[PDB]
């Protein structure tokens, strides 16, 4: 079980439909419209960002910036715990 | 007809929308946000708690604690009658 | 025209979406989740129960128990008229 | 046009919101809370009582008892005229 | 443009949500519950009544009886003008 | 152009997906499951019933019984006009 | 770019879901139910009417009659400008 | 920014709920009941009147007549300033 | 280039899979099942009808009857233009 | 049952609508307007503050400051009892 | 993280449903009705305006004009800070 | 806890309904009628004035002028103490 | 890598399913129905238009006209940049 | 009947489409994209994992880890009963 | 085992059917239609490109350009690792 994929699954399980709509707006210039139209969960968006090398196990700035815009400091703490054991 | 499922159906039929909102707040750390967003009746919440082994036919403490917070002692008596025949 | 199938069609036409959700909860231990996810009408559920021998033209106790939980005594009278001519 | 349904519509059109609140209290043990929460007119309550066989074209005692508690003897006379032509 | 369908569209445009609820109660024994649950406008109800032959261009008694219960004598005059040119 | 096949095509063009699902339930004991799984229009079902001699140009009782269960008296009138010229 | 098809696209872009439901009711006797069930935009309905020769670049009476029933005199002006250059 | 739409927004922001009720009564024969039931601001009513060609940037008599009935001569002066620059 | 074969190719290019299924049902008694099972385009069906002398350059009634059942009056106009030059 | 969530539920059950309006004003710079518009109980506001890390089981200063502004010293005593057992 | 998209997200989070209704009225002639019917947040409207080149990172007049009509001078200051760093 | 918001809450708690009516008259040309109709406390009015930049933590002249018209020199002293610590 | 084919791929990746349906309606008289039924992406439609010589690297009017009907001025700018380097 | 294959069939029958999507995300680095695109049931995924030696009758850690992420402790009990008889 | 052929097999196993359709469009002028019609996997397309000398172990520009259009930077990293050991 890849620890990074279990972290991304937990973040996706703690988000609502309104929060997903805000994350799809902040990724307007990174992901195309036809692809963003197939996103119905955080896992869909996270998969596309990993394939484009926007999100990587050792590079998580984009994730931290998106969670700060949603004002979710509880989910930002889970990312910190990951980097502390993945150090 | 499983007696436990008929008990849970009666409790769900005796609750209002305000009471459901209070039960979804008390289960913030047990059930995730994306799942709690799909709860529109006590039956939705009860199904998720049974799958997580929080509620079982022979373990009903969590239910009794939630009904005591709603101050519903009439519904707590129905639980007692169940355990008396399921003894 | 099988009289039993015309009875089950009339009962399905007299039920709402809220009532269907209550019937799918009371059949949690009889039908699996992947199959219950495809139920969008009483006819879907009734078909699965006939194939499992839970509902039969000469055995209707499960149906009578489900209608008593919905508190539908008008639909229970239609079942009685069936058994009186199917006697 | 079913004469019984035209009678029940006239009784519902002659009642106020205070009178509806009194009728929902007198039906506390006959109808569940989640269902009574959706009642915004006499027609809503009458529909539920017909489905439970509490009110029938040939059995109107419960209706006559509820109207006597509201002290509405004018509406009780309309019920009498119905039974005199439905005799 | 079928004159009967333009008449039914005008009647539907002159009714409120309270009036629609009263018309769905008076049609309890003519239309089933699962179908009446999909009615959100007079046009939905009128379509079902035409398919059951309850409403026809040359038979409008049921319509006139429903409008007399809503006490809408202005809309009953529009029906009269129709039969006078459809004579 | 066989008049019977033009009648069956008109009936199939006047039915919805919900109505087709009800007709496939009423034919549970006449047609097998593997075959009923390939039915996506009234024409598919009608073809199978003609090959089994359930529907014939001079025997239309099964059709009239299925349309009476859907409460489609407008489509039952089209069948009557057929038998009046096919007399 | 066929001017008639650009006109029909503009009219479809200026209509709501309530207005589409009213247009599908006024076309009950022109288009069958199975086909009307696939209409999710004015463009779907307009395509079917062109194939049946109900709407043509040189015959627009049916369109003008449907827009007058929706009471859309702004969209009726766009049709006039078309016939003035297509004269 | 269309100057006419900024004028109509200012007039809507200077009206109360009592004034809106008076304007919906004076438009009884111009707008249908089902549509007037969705009006909760002057902007809702103004949008419907523009689509029916009752209000236009170069025809404002109906607006001036409605404001004279509310006895609002301050808002009638704002309309005058508009026509003086839109001359 | 035989003009009749160019007409039949144009009609086949203007039809959908749903329309082809309706044409194969209307030809149930003219073409056998094993042969109708190989039809994947209008050209397949047209070839079989020409070999059976059902369709001929100087006899097009069957074609006109099939297009009238599909309610395709645009394609019926193309047949008329053919007979006007093949006169 | 998380003791912190039972404390927050008791505080929410001891507040009125006027008190909630005062708490939403004191949180103007902490929570956005679109989110504060969905607050209809103390539980709604408390959930948002927990997700932003403003309220935590081991950090309750913001809560104590809000209750001191409402001048509710009875509810401040309940917070003290919590920290005394959660010590 | 595109600074322009973070600005537009903050403006959308500081607006109410009444304010959104006013912005959809002021954009009546810029965006069609069928598209404006899908707008449930400022982000929906902003996305459509960016695709039509009405709003651009280096052209923000339309935004400043809409915020001046809502009389939101606090949100107009946030736009100024953006242009000062995007200079 | 923003000190400015605690000051405005104290001023609102020291005012009566007669005083609020006088403050809504003195703000006739600053706030529109439809918005002033929703003001039921000083906090409602203060929120609107902050969004219009009429009241700011470093600009309090409008507040001091309104309190001098109510002849409330006790509340003007509380404003002075604020500016002395916010210096 | 043909620059024209990379441009057409980018335009197809920036379109939704609703936009594709509008483009298939505007190409009703250019492409046949049986072929338009196989279009599930802009790339499918673009391939057919290139083979018919409707779209060419040195003739892009039809593309510019279709994008102006979708009101996509952002995608029209990408076409301009192409012709500026393909000059 | 291999007991391990009957266990895996029961687990697949107790899962929904949302749960399957979560399991396909957690297996991103174990199974390729072209193969994961053919997974429409738990049985499809389980077959691929058995062929790669990720799941074996005597090694079930990966299964237990995936069920713990779905928070399905009821299905984890069925795995325990298997190892107790397969001991 | 030729290292180049193992690289091309891994890239083909990491692509979906939508991605294959995009790659067949970008190779419209390099491969003929009759041959492109037989492509059902990346391996089919790669074989044809090797035979035409478009792809070679020491020339991989075309591959890198196609993967950049699919925006697959993860698969472009695998190509880099190949050239680093094949140096």
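Each reported figure results from applying straightforward, stated rules to the coordinates on display, with no laboratory input. Positions of Cβ are backbone-derived with ideal geometry, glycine not excepted, and every protein chain shown enters the neighbour counts.
Below, the figures for the structure above:
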| item | result |
| --- | --- |
| Least to most buried among F:8, K:26 (fewest other Cβ within 10 Å first) | K:26, F:8 |
| Efficiency of FRET between residue D:2 and residue L:28 - r from beta-carbon atoms, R0 60 angstrom, step 0.05 | 0.55 |
| Folded to 0 to 90 degrees: helix L:3-13 orientation relative to chain L principal axis, Cα | 50 |
| Alpha-carbon centroids, the stretch N:41-84 and the stretch O:45-63: separation in whole Å | 42 |
| For chain K: relative contact order, % (alpha-carbon pairs under 8 angstrom, 6 or more apart) | 34 |
| Paramagnetic reach from residue F:36 (point 7 Å along Cα→Cβ, amide N under 16 Å) across the stretch C:28-45 | C:39-45 |
| J:9, N:9 arranged by Cβ crowding within 10 Å, fewest neighbours leading | N:9, J:9 |
| Shape metrics for the stretch K:1-49, restricted to C-alpha atoms - Rg then Dmax, Å | 11.0, 32 |
| Cubic angstrom per residue, convex hull over Cα atoms of the stretch D:28-79 | 90 |
| Cβ nearest the rotation axis (B onto J), residue from chain B and distance to the nearest whole Å | B:40, 11 |
| Estimated [θ] at 222 nm from DSSP helical runs (n ≥ 4, -39500 (n - 2.57)) normalised by residues in the protein assembly as shown, nearest 500 | -19000 deg cm²/dmol |
| Ellipsoid equivalent to the protein assembly as shown - semi-axes via the Cα gyration tensor, in Å | 50, 45, 41 |
| Where only alpha carbons of chain C are counted, the Rg and the Dmax (Å) | 12.4, 37 |
| Residue-averaged beta-carbon neighbours from other chains (10 angstrom radius) around B:63-73 | 1 |
| Other protein chain Cβ atoms within 10 Å, averaged over every residue that makes up A:24-34 | 6 |
| Folded to 0 to 90 degrees: helix F:42-51 orientation relative to chain F principal axis, Cα | 80 |
| Residue exposure sequence - H:16, D:16 - by fewest surrounding Cβ within 10 Å | D:16, H:16 |
